[PDB]
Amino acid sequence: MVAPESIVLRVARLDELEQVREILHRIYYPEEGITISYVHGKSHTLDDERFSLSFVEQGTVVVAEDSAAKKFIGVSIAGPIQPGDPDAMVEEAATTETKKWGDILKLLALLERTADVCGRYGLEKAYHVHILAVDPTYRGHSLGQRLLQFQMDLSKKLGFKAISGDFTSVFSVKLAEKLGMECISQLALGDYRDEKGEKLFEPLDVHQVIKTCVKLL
């Protein structure tokens, strides 16, 4: 229902912080398998949001915009990862505002440690897509692929040698593979236990497996 060249992909500017916040609220957090599988509340927290938004000033937040409608219709958030990150995430978890964000941090740390992208390929760091979300209303415009391809092209231009992500739905994994990413590690979300032996995520079968997938750039 929209002219296809009315769709613009670009880096979000710092001054657009609030519109990034808005798209994350509307189309990302309500559908993210990790977030919504959590057994003590499905909504996201402020410390989760603060993390996502910290990347806007770094210039690695990519938006899809309907320029006619002057509206964000897609978003992807990425950042560097490097050895040492998982331990630092666990440390932040001990002091963060919510138990939920602390619990998710520890999950993400496990995903990152297990994947070991930097170790596996001999890198000092890699580019990791934290978030990839598309407004369902704008299906049929290949937005997911375009957002991911944009992050690939961008990180390559910034001198990163690998891009990764944790792909938490069967669709997002298929997209990743389509663009040449190989899934090198995985985790059954239902089977994840923290260091207290507790089961903190209870997913629908659509979000049953999380695959970390990587592509050399």
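Residue positions are given as counts along the sequence shown, with the first one as 1.
When the C-alpha B-factors of 144-152 and 180-188 are averaged, 180-188 comes out higher. Between the stretches 11-19 and 200-208, it is 200-208 that shows the larger average CA temperature factor. Of the candidates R139, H128, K100, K106, it is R139 whose Cα B-factor is highest according to the PDB record.
Per the PDB entry, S43 shows the highest C-alpha temperature factor of the residues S43, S164, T60, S54.
Among the modelled residues of the chain, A64 sits in the lowest third by CA temperature factor in this PDB entry. Ranked within its chain, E31 lands in the highest third, by CA B factor from the PDB record.
In the PDB entry, a CA B factor belonging to the middle third of its chain's modelled residues is recorded for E92.
When the modelled residues of the chain are ordered by C-alpha B-factor, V214 sits in the middle third.
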